[PDB]
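Protein chains in written order, with the authors' numbering: chain C, 479 to 628, 636 to 1028; chain A, 479 to 628, 636 to 1028; chain D, 1 to 351; chain B, 1 to 351.
Just so you know, even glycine gets a beta-carbon here, dropped at the ideal spot from N, CA and C.
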Amino acid sequence: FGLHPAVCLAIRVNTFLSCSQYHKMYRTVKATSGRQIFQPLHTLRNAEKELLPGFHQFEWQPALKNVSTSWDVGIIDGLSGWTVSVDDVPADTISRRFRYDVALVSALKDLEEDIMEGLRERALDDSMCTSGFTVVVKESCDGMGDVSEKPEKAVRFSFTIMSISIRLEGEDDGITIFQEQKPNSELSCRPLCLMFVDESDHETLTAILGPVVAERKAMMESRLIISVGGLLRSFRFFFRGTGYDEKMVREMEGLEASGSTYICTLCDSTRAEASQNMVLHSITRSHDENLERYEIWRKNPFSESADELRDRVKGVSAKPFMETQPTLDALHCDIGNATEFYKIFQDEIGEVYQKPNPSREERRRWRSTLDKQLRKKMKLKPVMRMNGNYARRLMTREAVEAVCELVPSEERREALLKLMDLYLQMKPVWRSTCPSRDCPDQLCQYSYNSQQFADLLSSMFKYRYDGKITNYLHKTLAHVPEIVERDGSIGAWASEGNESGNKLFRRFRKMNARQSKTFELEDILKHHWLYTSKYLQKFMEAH
Amino acid sequence: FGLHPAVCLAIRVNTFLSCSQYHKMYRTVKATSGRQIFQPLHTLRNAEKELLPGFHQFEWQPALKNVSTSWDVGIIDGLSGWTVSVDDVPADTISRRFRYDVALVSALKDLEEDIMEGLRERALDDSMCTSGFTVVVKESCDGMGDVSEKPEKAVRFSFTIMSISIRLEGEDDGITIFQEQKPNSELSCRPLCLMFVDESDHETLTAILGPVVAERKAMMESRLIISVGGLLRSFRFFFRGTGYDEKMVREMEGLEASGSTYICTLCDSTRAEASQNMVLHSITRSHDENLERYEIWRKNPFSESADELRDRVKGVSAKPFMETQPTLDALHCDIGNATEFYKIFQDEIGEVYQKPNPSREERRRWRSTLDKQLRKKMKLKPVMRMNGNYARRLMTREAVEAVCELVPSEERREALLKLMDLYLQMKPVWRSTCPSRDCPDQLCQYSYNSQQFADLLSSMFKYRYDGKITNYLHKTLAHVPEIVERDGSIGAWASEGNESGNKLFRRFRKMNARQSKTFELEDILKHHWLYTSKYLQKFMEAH
Amino acid sequence: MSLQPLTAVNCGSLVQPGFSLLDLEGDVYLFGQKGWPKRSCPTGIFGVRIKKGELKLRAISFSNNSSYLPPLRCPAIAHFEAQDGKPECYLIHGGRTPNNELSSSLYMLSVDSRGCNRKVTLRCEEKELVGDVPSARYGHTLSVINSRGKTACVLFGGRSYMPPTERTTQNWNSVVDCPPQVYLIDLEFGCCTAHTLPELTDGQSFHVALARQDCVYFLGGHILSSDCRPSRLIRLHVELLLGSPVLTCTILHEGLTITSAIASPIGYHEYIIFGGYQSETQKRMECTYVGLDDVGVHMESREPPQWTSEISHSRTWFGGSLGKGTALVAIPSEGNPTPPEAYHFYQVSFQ
Amino acid sequence: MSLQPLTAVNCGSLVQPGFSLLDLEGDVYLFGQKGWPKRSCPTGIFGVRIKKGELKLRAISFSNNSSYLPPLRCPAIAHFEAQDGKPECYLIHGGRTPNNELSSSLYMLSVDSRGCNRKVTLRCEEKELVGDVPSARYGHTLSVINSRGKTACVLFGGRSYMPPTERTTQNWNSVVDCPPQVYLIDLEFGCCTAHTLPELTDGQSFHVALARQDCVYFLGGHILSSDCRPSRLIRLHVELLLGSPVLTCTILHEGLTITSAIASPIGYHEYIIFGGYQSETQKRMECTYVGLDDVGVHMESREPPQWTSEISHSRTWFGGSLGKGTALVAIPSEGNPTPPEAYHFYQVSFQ
DNA sequence: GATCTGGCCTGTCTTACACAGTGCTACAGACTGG
DNA sequence: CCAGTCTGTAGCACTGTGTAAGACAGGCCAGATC
DNA sequence: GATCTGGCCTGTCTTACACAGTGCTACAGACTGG
DNA sequence: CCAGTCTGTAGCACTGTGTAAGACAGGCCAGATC
Ligand SMILES: [Ca+2]
Ligand SMILES: [Ca+2]
Ligand SMILES: [Ca+2]
Ligand SMILES: [Ca+2]
Ligand SMILES: [Zn+2]
Ligand SMILES: [Zn+2]
């Protein structure tokens, strides 16, 4: 059998194969055995041309806000036409990207297969499902450091279709047509913009991302018209932007960073007012009200002093410009909790509420004997930082009864036992893929579980939490049930997705670049987008 | 219809494909279309096991000199058992290699196809061609610098089967059974030893190469018994070692290096005695007499002074240890001649025999006006060294009449015209692949052409060649007819072959290493040997 | 006319190619830091001291009744000269924020109290502009004037983004010169009044201005439209014949073909011009001197100090006027390793 | 007992971990350069000067009647003490050439004339060895003796390559200790005589020796066979009761467990031992002192000077004895970049 | 009215960790022929 | 039904690369003082 | 008898050049249907 | 028999990487000298 040209494109991209190499091996297998097993080069590229964005004609109702209507543009030069005159801020920065709209329609046409399969399964009619569509889009931006070559930093903006549901025609609080099953695996994290800048400087980052932001702020208004399965249908869109680490969350949101005194990203509590009472707070922070607060800072309509207004406005000091859902990142989410139980135990080996002034060395003694201790029982070598593996293995009731062995009193043992027990009861409530289905039991108990945890910390270990509270802990104790109810999960929006993409990017720089930085980006982006299309994974079945 | 496993191995190696990548693409093409187009992994490696050295049982008549008879050893650790005891010279140096004999028999059994084809063509019988075989082996060693990775120098010893002829049973001055047609193309330059050392230091280089040298010195004595085409047959061997640049030729030969006063590697002439009379010399230098001369130096059996013995022995100062055919290298062979005609012209623009003392600047003036001149007519940008391309294009009668344009006198013009004419008459005599066939006309004239050239240099331009002669020029004017008659060609032994192989080695280190320097060299050597076997090129036909 | 290579002791990652230097009451103030105001300096304005070639920066504080300012990057500064009512002030409008948006909101900066111990207090009153407001833009120029006897401000020039009809997300960073309608800004109230003149052929950008005794002179600037930097010096004469601000103009013969210049006032009306860029590719290397009176500009070519080879062989460079013939210039340090304070500073002084 | 870090002014790529220092007539001579003799030094022997921590090397010349020597690497040196016939000499045999082959030919090195101007003349007479010849080997030891009253040489120890039967091109760099038959070399003529002793249990390697008044003491060395470095000090007493050189020996109690030692003579028979390596992995760091007389060795542990950090934390190191308590040691400089003179030198002296 | 130091805050370097690829290897698991 | 025989996949041994979590210092401000 | 300088010579840096790879592109050639 | 049409192969534009041919310099030695 001759082989499907799409399969050949996938087998060139899905395994990082070169282009010359592919041609040489194709000529080999051609000349050897009597058959055209792999399609030739030019026809493979031609067969690819409809997978990239910029091929499927579409319509928009109404016309978009300040967005040209052309539907065939490919890779736009990211500079967006900087007047190169060297008297202004330089036109140096190199970047390449698609247009948001066209990339989205390309991905949607890709997913046409699964949307039609879901319409078949749900047994919904076809002449009656042309309007009520609802697509959730999870975006994610990050900085990638030190591209490995002998052009150091980079930023990569990537979005992912999270869930598509139907609306026609009743109340339909939810009719899940397609819920992506691997929202973290980089196999589905579509790049949309690449920029050879550094994550830090707010100038060039905003200067290049601006157009994408305008696309976002224009697109949530109108609705989309796309011909799929022979029927032209209308789509809506929600943009639950989550894919940011805390630092970028603040930089986009305007608050100072990072070791601030306005810890929470959702409430308005400072260090103390949350340290004292932990688990009693409500979600307040919003994007629009953060704009409002920034206005109240800039105009200072009450003539208060510097620190006076800084307190009145809750640290808002810079005009935010990218609406971000302030959701906890379940990826780390525990290094703080882990090292905090670590400090609890390093202050349990020595009696800390009877010796509240250790030396530079007595804590060294207690941690070192704790380290040899947990090497004895749990076989955990000394580490520098609470990475994921050590965090998982240490935060166990086994190691808790192991740290019981060296603490003299027998009431502290039971206290830390109950603490670790409630904490393990409450961890998978947030790390689950969907606690609405995996384990809603601990979710319904999470409020009371967390309150007992807070009461135990405030009655037993408040020797340290008078006015001090580690950042992660506030969000993990106060808002978690609220967040889970607000979204439906926590782990199902981790930035880590785009994080796993990082490898791919640098890998694609080593084997498929042009290479000359005007074209190098363009080609890396093209190959990435090829590698992350549901179509060319459906052909790599590998049963 | 499945594919030949040998073809699949070739298509994994002949295009630098990885190992994981190959498996992934194989699983893809398997699961997609109904057939097993590429063999699986373990059976491919199993099918390869007979291509590497160390598979075909062979015999040696008689038993070799101090060489263990075992015939199945694979990749030997190169150090050959250095006593790791720290007090001695360190056992650090890392190297890997085959055994000379086993690698040779592997390559021969590879070439079994063409040897049987040649026995078919020449119409020779089969029951009467079991003894008289004659294999010529061209070896080549060199240093490769700065392996490019995130272990700086390296040395690579490679041999190549040059020509195999028959001996049964008459006089048979030559019965060419197989004459390799690309004796320089890296596609046939088989690596045999690799060492992570530096080219310079004689110590470790000799320390590791020693065993190979002892092998070769033992191998020219006996004969080889190998079963090919069902018949077991006996082979002889000649080793025309040529693959060395001048510097290594000296280091192995013992003479000082490099800008010595004993220029020639064949005669005994110094700068002067060859400068006065150029083209009247006879090839003298030999390996055994160089050993003898080194003995005469060491014992100093005539109590002569330092310089007096240094003159009596013709620069022999170090015990040579690797018999090397003293052959001209056709690769550069002209950069000296090129820059020498360049100096001729830079001293013709000025009148040099009337102004034998130019300034630091007058020569700058003359070269610069010559450069603008040849930019006007021959379109040759100023360069800093006489590379290959500039040497080809400049050494032309056109550029010679172009340099006529600025020289005032009209007799010097005709002199340099005849000079360049004879030089072009004599260049392809040596750069040919086989002047016995390509152009023997100029070969029969080469003695007379060279003498006219020498007479013209001594009558016209001897203002510079009183006692000065560029190294290359002596070998190009004195022994070229002698050399061509000695071997049959000049270009057909250029080291450049292994030189091209260099750009392979780095490549293999970048995509196929293990990598950890114990196994890294093993893997690189294995893949190189796979890539240079006539068998797996016969399968990459590519008509 | 001499240079001394300075050094960045600390606080060096805080100067960007577009910035401003406010010269008033001794010490000078840096304005327009890169990135939003940190916690170390909740205002953003810096104080800058120069001590034996060392360039130190200290954190200014603010008043209580004042507003807080976003660090505009390439705005138009105007020394509202010391006089009634509250001397002495700086008018700032409007530049573009560290998010690529523009102000359209002029600010009045003044000093309040001191010291006690080498300390200052500043205030930044947002002053509303009514009208007939001017559009937000960057690179234009403001300049104070005073005539019989009213004190007003003349504003002209400047690029902007495309007006929000064809502003497309493939041209969302292209710029075009604002329409040349000079604005007149009355400080109290902000009754801005725009006017036009048939001599305003095309609005230019980055064109240093000089106002004296109700007569103003605009020197050479940059123009994107014709892509030429014209040599036509411009003069304009305004007069508040209440209730009408009647304005006229005049082209003159010679106007230097330079853009992005650093003007240092030495005398009462003596201005030494270092100048940034002559052509669109090679920056200028020489200097200039300009007097002015009711006659006009008196040109001169003063002594061009020999710049180091490093500065002369660099593509771009910028800086500000320390005032009183002293001025600071800076070059992007091109080489490894990026410090990352990749801006080397030179202090340059007249005579 | 103090160290000074020296430096390589020039000619630094010419010292290799195996080398020798000939101490005679003031200045000392370096011997055993890496790589064959260049043109700059047609002999190979160098003269070494130490001047305010600087280590300079100059090119010695030779006689006319003498042979020319291949730069052996780790040979056995023997100070043929100043006496009849032609004082004072060095006996060198036999090491291994810069091609991995061995000499089996002893050389006598002597001085001829001087200066005129800070110049020397040397001679290297190849002295034939008849017999009963010794086998070529490296790391063994030669020493001079004088017994009633004949001056002879005792030679013992040493590794070699496998004898050329099982010498295979997979073992062509393996070594095995020579058979322990001590040799006696008569200097003229070379009527060498082999002898054995039933206390010569196993021939060792790199074992520093000390000969005095026709009685010799062999200290600890290395052995590959048992892979142990035994502590059994050896003594042996030879006597030429013509026409028979009758020899006996004796094991003694204490012999230091060190190999590759640097012995400096200070007194008439006082030898300070720096020592290279205690165990097969960690080199020794301390020092030792050894007197000797007709009683035997008198041991002592003198003051071990504090070494620097890098010399103590390095794997290997070597050197020679400058003579008169002065000695040179060197460490392979391990770090980026390789100079390529990657051997740092320290001068170390007693008292 | 003018000057120095402990507190602490934060921007800077560094180093333990995860983990990426790569060939080789061994186990389990599943086909297929008796 | 059962064994042999294949085959896919997981796991091992190894350095090299990014990361960012802590080491930290030092420098300004408040404090403590001249 | 002892000390410095042009000659030259060779070990060290450096920089013009060749070329490696990569994807994109255009022509030439060879098949294949009329 | 010839047009169309595909396909392979050559060539283009770009920077990174090794080489080694010359720049050189300085340092010793001979000479030139104190
Ligand atoms: Ca990241
Ligand atoms: Ca981050
Ligand atoms: Ca070479
Ligand atoms: Ca080479
Ligand atoms: Zn909160
Ligand atoms: Zn010759």
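Asked                                                                                                              : Found
Contact test: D683(A) Cβ vs ligand 4 heavy atom, cutoff 7 Å                                                        : no
Contacts that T493(C) makes with chain A (C-beta to C-beta distance below 7 Å)                                     : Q499, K502, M503
beta-carbon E984(A) near ligand 8 non-hydrogen atom, thresh 7 Å                                                    : In the structure on display, ligand 8 does not appear, and the ligands it does have are ligand 1, ligand 2, ligand 3, ligand 4, ligand 5 and ligand 6.
Cβ contact (3+ pairs, closer than 8 Å) linking the region 716-736 of chain A and the region 601-616 of chain A     : yes
Near ligand 2: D730(C) beta-carbon under 7 Å from a heavy atom                                                     : yes
Short CB-CB distance (under 8 Å) between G728(C) and chain D                                                       : no
Contacts of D570(C) in chain D (Cβ-Cβ under 8 Å)                                                                   : The contacting residues do not exist; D570(C) stays about 10 Å from chain D at best.
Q539(C), DSSP secondary structure in three states                                                                  : strand
Buried versus exposed call for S985(A) [16 or more other C-beta atoms within 10 Å across all chains shown]         : exposed
Check: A939(A) C-beta below 7 Å from any heavy atom of ligand 6                                                    : no
Stretch pair the region 651-663 of chain C + the region 584-600 of chain C: three plus CB contacts closer than 8 Å : yes
Distance between beta carbons of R159(B) and residue 365(B), contact taken as under 8 Å                            : With chain B covering 1 to 351 only, the question about residue 365(B) has no answer from this structure.
Under the three-state DSSP convention, the category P332(B) falls into                                             : strand
Range covered by the alpha helix (DSSP H) that runs through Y138(D)                                                : Per DSSP, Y138(D) belongs to no alpha helix (DSSP H) and is neither H nor E.
Residues of the region 4-28 of chain D with Cβ closer than 8 Å to any Cβ of chain C, in chain order                : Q16, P17, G18
Contiguous beta strand (DSSP E) assignments of at least 3 residues, all confined to the region 146-215 of chain B  : 150-156, 159-161, 175-177, 183-186, 209-212
Partners in chain C for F993(A), counting only beta-carbon separations shorter than 8 Å                            : Neighbours of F993(A) on chain C: none; closest Cβ ~14 Å, over 8 Å.
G12(D) Cβ short of 7 Å to ligand 3 heavy atom set                                                                  : no
Any non-hydrogen atom of ligand 6 closer than 7 Å to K799(A) Cβ                                                    : no
Interface flag, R795(A) vs chain B, CB-CB below 8 Å                                                                : yes
Whether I649(A) touches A585(A) by CB criterion (8 Å)                                                              : no
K953(A) classed as buried or exposed, judged by whether at least 16 other C-beta atoms fall within 10 angstroms    : exposed
Top-ranked residue by Cα proximity to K543(C), from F189(D), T169(D), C228(D), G85(D)                              : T169(D)
Delimiting residues of the alpha helix (DSSP H) encompassing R783(A)                                               : 772-784
Delimiting residues of the beta strand (DSSP E) encompassing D23(D)                                                : 20-23
Near ligand 3: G621(A) beta-carbon under 7 Å from a heavy atom                                                     : yes
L855(A): CB within 7 Å of a non-hydrogen atom of ligand 6                                                          : no
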